[PDB]
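Peer 1:
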Amino acid sequence: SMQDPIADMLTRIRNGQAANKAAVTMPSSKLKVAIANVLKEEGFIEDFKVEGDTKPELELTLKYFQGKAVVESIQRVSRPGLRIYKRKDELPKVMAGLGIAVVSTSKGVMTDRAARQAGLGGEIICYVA
Amino acid sequence: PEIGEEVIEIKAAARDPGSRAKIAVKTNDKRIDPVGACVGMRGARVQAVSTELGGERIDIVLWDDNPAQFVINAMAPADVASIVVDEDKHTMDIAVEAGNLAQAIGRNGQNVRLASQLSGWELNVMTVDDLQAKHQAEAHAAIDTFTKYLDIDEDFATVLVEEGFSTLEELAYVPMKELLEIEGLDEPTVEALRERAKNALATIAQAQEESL
Amino acid sequence: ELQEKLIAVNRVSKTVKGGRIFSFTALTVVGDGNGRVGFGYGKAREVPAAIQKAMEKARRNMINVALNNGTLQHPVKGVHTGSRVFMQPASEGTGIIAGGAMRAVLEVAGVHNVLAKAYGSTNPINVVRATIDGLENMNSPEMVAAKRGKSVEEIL
Amino acid sequence: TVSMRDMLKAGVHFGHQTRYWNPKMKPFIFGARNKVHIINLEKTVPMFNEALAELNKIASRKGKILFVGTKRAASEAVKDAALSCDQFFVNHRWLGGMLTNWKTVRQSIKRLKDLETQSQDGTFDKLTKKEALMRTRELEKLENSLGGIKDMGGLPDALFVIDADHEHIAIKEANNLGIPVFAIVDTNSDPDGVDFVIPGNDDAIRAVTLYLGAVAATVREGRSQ
Amino acid sequence: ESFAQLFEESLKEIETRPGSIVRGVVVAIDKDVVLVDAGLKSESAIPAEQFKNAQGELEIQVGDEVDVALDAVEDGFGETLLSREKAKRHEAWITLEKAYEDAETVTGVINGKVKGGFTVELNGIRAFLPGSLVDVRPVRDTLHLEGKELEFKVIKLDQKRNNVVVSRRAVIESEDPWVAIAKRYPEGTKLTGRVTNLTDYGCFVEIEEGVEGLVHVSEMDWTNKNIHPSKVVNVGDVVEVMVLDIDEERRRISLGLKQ
RNA sequence: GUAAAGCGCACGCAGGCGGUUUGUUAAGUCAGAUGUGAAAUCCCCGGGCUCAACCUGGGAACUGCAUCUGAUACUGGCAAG
RNA sequence: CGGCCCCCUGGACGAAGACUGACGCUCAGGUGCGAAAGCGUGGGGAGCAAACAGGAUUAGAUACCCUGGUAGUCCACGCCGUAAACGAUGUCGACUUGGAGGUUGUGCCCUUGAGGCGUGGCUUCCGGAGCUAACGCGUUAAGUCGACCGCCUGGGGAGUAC
């Protein structure tokens, strides 16, 4: 059964990048939306678009720089089987700071740097590079 | 042997036998490295030509692409930073610093001729400051010419030539929409001021009629 | 200017009607002490000829690597067939902490400071290939900025 | 330069069947007519123009062009095209490693040249018959194989090809060496190795001729420049 | 723009599948291959034997136009099924024209009954007939001057199997294959059938409304085993064959050619 | 899959995991504080034995536990969809 | 699991709608089904055939071959619980280029004809990216991921002893 929506998102994105798909669509969720927004802010994607009322569909638009994809790597870290929660000091650095780590915090979902700046940790969703 | 089996693209060989012999070479991007093959293990083959016909300062430059990269490569072995261009006689104006000019110029009558035939035309070694000096000696002149072009009032002309790049000398062929962004652009009049400059050119041709 | 290291040389056999024909394989690697690196794997009936071939091949099929000053830009993994390799940027003075073929390639590459372990197989050929792969994929800050449409200070 | 109507007349828009296509060509396909793929001329034309411009630029800097077609339908035409602009060509079977293994083939060229000289300039006749027949046969072989590229000297600076899938060996060689590739690529073909792809009917004779003629004209222009 | 889309549907509108629109201009002749271009993906490898008329020499130079046939695409490279079949549609149209006025008038010269019925030939092709049709009455053209010239007056046609029998004389006078498969049966009814594919043990001549015949390898000639059918007859040609044997059950009508 | 390693196949309790929206809670989670976490040991900056080991001042650390005050994105609970 | 028929009976798929409203996935223990051989009791017994007997072959022939031939194979009700019980590939879900078929639905289309254009289910082969020690797998993954379980830790001794 479908158990982890976010991870499914990330896999879809990965597969689109692999296959040189322009855009990747999937059912929408708020957490998914926020993640997409974070990615866009962090520039791994061009734009995201949710559409629909009863069952809305998130549609991300993937990014390709000099042929190859932008999202070099994208992994979940927290997962239903095994959750990961980090305190602000302990927060990670993806690719020695070049990549990002999406982290959900009390004040919303943000990149690891942003969280560090804020002064708070939380659940580590995914690394992106 | 790579050059012999068409692996080291060797165009011209602008070199002065009996002194310095610097020459650039191109190659089909395939992990070949042209200069490297010409040099060898610690200048293995380089030493051969060094003591071949006589003590010569042979040099190899990694040709990049087109003639623009040939300019810098012709200034080697030294440190080029920038260069000017033109039409038929572009005259590569070498732009380096006094400190690095000592080696770049090397000898008054040696590296100034060896690097002159490098591109096939001729080079004009200059200085970083020299470039700027001549650079400004050009902004004032599309203006530094008794202003024989458009002409209207002078108080507006100063404020227009402040923002104006390359004065107005034949600037109508450029973007005719960025001067309308200037604070003060009602009906097409500045787009008309440039037309006046065009008329001034015709007036200059009429002056040629006055002299021919 | 280029420096060249023969990593290994190995005798390999071919059985024929008469008996065993022996030959020699030479694994070399070359580099300019900067980003640029290339390995070559030559074969000949005699050893010196085989290493000569290895050098020739290495000199061609060279690859560039984006080095932050003496070390790497971030931890990087690279694999090839059995040899799976981890290598990690390190502070000036630490030197090349790496084993075997891997070491050699790093030195010619002109990296001076790394912490580096070869998991899995340590078959010199495969492990050097894996190293090269890890070095190639490694991107720089400017590169990622360009990829992503940002400035370097935005990425830090 | 080359108009769309002319291409349509030639039969460029036609492309291979629907069981023989390549999904990397899906962009370049427009539709499928009578279970036959149609190439999108709207997307073909601009790129063809581009490719022409690049070829012209190459010519301007005194670039060496190699014209490859071994389809044996358009071998005559490719040779004609090469000659019109006095460039080089391989209208018969491409020798495996012609470019990569140039140095060996260069000897081959030299032997061919020597044989030609013997035939023509020497005027020595008086050769043992069988031996003379053998030398003649060798000459014919070498002319067929390396006739166009004999005056080439080194390695070309660009590579025009009539079929990518058919000449994939040449393409691969060009890629290994880094020579620019200008390929006519039908729906069945693989354009990944190609630098300046050209979606067009490699098979049809008139279309091939048209492709060649425009290429030759732009080479001549660049030479004039 | 939609220029191209409109053109695509235009060019759809101005071609059809079968060999109907005489469009292919002969753009290269050499012996033994003619080639055309009917606005198809490729040029047809035409035989010379589709295009020589009734005495053995060619008739069309460069630029000449005949339609070919379609609905089969790309055996690996190329385009068509041959154009004489197109001529068969014109012959069918001429035969149908009879219906209008109840009399199709041509020349028809029927010397001898292949399979009971005199063979009647229209200009290039020769068709086979059922017995009654050669003669309106018991007149029997065996006493007429050999290969005589009258006309063809249609007595019988099979309407799915191209067997058409016509009346040469007497100007004044004016599932489906397998249930009733007893028409060409009795022992020896000969037929005019085009061969389709020679499978190295066979030839597969099969013409008579969706059946299959095999003249396989043993008869074919008057040599048994060293024969290799491709050498000895043809590809795609109408020949002498007769039944010799029928299965109505395991649908193997085993024709012969040594007759 | 072939190197050791997918139960012969199913159903299914306990257990593990759980679509989507809103509200609420605040258990998990995070932040801050307080209490404690003996001294010695380890590490940092110092000092004293001629140096060192050794001795030694101050810090840091002791990743934890308990409480109180917040945060509520996520996980959980409860209520409605 | 294979001749037809009838009776009782489980599942699958498609077509539209209508409803319920997360009721789901996985599963240690547990429970059930589980080829062939084998066991028990009672029936049956044509053919075949472990065992057995004879004839050959052979150095020997406790085999292969031949002639016979009993358990068994068949039925009923119990037990046994294992097989290279194999796709040597756990189950469920999602995503990622293609081609050629088979089978079984179903929508439209002049079925003008065996057809034309789609859209579902199951299924055979080839092959791309990717993966793989390679062989190969390749939208039915051995690719990219998530949930749960089972299992492995050098060869023998040993899947044996207690």
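Chains as they are written, first to last, in the deposited numbering: chain N, 2 to 130; chain AG, 214 to 425; chain K, 10 to 165; chain G, 3 to 227; chain H, 3 to 176, 264 to 348. Built from N, CA and C at the ideal position, the CB exists for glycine as well.
1) So which residues on chain AG does K/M111 lean against when the C-beta distance must stay under 7 Å?
2) Indicate the three-state DSSP secondary structure (helix, strand or coil) for G/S226 in the structure shown.
3) Hey, would you say G/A76 sits closer than 7 Å to G/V210, going by beta carbons?
4) Among N/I126, N/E43 and N/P93, which residue has its Cα nearest to the Cα of N/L83?
5) Quick check on K/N19: does DSSP put it in helix, strand or coil?
6) For the beta strand (DSSP E) containing N/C127, name the first residue and the last one.
7) Return the chain-ordered ranges of every beta strand (DSSP E) run that is complete within the stretch 10-88 of chain K and spans a minimum of 3 residues.
8) Starting from the N-terminal side, write out each stretch of the alpha helix (DSSP H) that is 4 residues or longer and does not extend beyond the stretch 334-382 of chain AG.
9) To the nearest angstrom, how far is the alpha carbon of H/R139 from that of H/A172?
10) In terms of residues, what are the limits of the alpha helix (DSSP H) holding H/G119?
11) From N/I85 to N/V95, what distance separates their C-alpha atoms?
12) Using Cβ-Cβ distances below 7 Å, what residues of the stretch 87-101 of chain N are close to chain K?
13) By DSSP, does N/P28 sit in helix, in strand, or in coil?
14) Are the stretch 110-120 of chain N and the stretch 68-77 of chain N touching by the rule of at least three beta carbon pairs closer than 8 Å?
15) Note the first and the last residue of the continuous alpha helix (DSSP H) segment covering G/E56.
16) Looking only at its own chain, which residues have a Cβ that is under 8 Å from the Cβ of H/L124, when we skip the five neighbours before and after it?
17) Does DSSP classify K/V161 as helix, strand or coil?
18) Classify G/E175: buried if its beta carbon has 16 or more other beta carbons within 10 angstroms, exposed otherwise.
19) To which residues of the same chain is K/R20 closer than 6 Å at the C-beta, ignoring the five residues directly before and after it?
20) Per DSSP, which one or two residues make a beta bridge with H/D32?
21) Would the beta-carbon of N/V71 fall within 7 Å of that of N/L59?
22) Do G/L214 and the ligand MG come close, with the Cβ less than 6 Å from some heavy atom?
23) Would you mind reading off the limits of the beta strand (DSSP E) that contains G/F32?
24) Would you list the one or two residues that DSSP bridges to N/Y86?
25) Helix, strand or coil, according to DSSP, for H/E99 in the structure here?
26) Count the other CB atoms within 10 Å of the CB of AG/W276; is the residue buried (16 or more) or exposed (fewer)?
27) Taking C-beta pairs closer than 7 Å, name the residues in chain K that AG/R244 reaches, listed in chain order.
28) Looking at the secondary structure, which residues open and close the alpha helix (DSSP H) in which AG/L393 lies?
29) Return helix, strand or coil for K/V94, following the three-state DSSP convention.
30) Closest to H/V136 by C-alpha separation, out of H/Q161, H/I127, H/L287 and H/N165, would be which residue?
31) Using the rule of at least 16 other Cβ atoms within 10 Å of the residue's Cβ for burial, across every protein chain shown, is G/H168 buried or exposed?
32) Counting only Cβ-Cβ distances shorter than 7 Å, please list the residues of the stretch 220-247 of chain AG near chain G, keeping chain order.
33) Work out the CA separation of G/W96 and G/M6 for me, nearest whole Å.
34) Could you tell me how far apart the beta carbons of H/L280 and H/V168 are, in whole angstroms, since I believe they sit closer than 8 Å?
35) For the candidate residues H/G78, H/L84 and H/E3, whose alpha-carbon lies nearest to that of H/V36?
36) Answer yes if the stretch 348-359 of chain AG comes into contact with the stretch 304-315 of chain AG, meaning at least three C-beta pairs across the two stretches below 8 Å, and no otherwise.
Peer 2: Concretely, from the data shown:
1) For K/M111, none of the residues of chain AG pass the 7 Å Cβ criterion, the least Cβ distance being about 21 Å.
2) Three-state DSSP puts G/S226 in a helix.
3) yes
4) N/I126
5) strand
6) Boundaries of the beta strand (DSSP E) harbouring N/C127: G123 to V129, taken from the DSSP string.
7) 12-24, 29-40 and 46-53
8) 341-352 and 367-376
9) 9 Å
10) H/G119 -> not in any alpha helix (DSSP H); beta strand (DSSP E) instead, spanning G119 to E123.
11) Straight-line Cα distance between these residues: approximately 15 Å.
12) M96, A97, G98 and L99
13) strand
14) no
15) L43 to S62
16) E93, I96, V108, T109, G110 and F154
17) helix
18) buried
19) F31 and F33.
20) H/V35, per the DSSP bridge assignment.
21) no
22) As for the ligand MG, it is missing from this structure, which has no ligand bound.
23) Annotation: the continuous beta strand (DSSP E) that includes G/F32 extends over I31 to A34.
24) N/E124
25) In this structure, H/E99 counts as helix in the three-state DSSP scheme.
26) Burial call: buried.
27) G47, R69, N70 and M71
28) That residue, AG/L393, is in no alpha helix (DSSP H); it is neither H nor E in DSSP.
29) strand
30) H/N165
31) buried
32) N241, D242 and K243
33) 32 Å
34) No, H/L280 and H/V168 are not in contact; Cβ-Cβ is about 17 Å, not under 8 Å.
35) H/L84
36) Cβ pair count under 8 Å is below three, so no.
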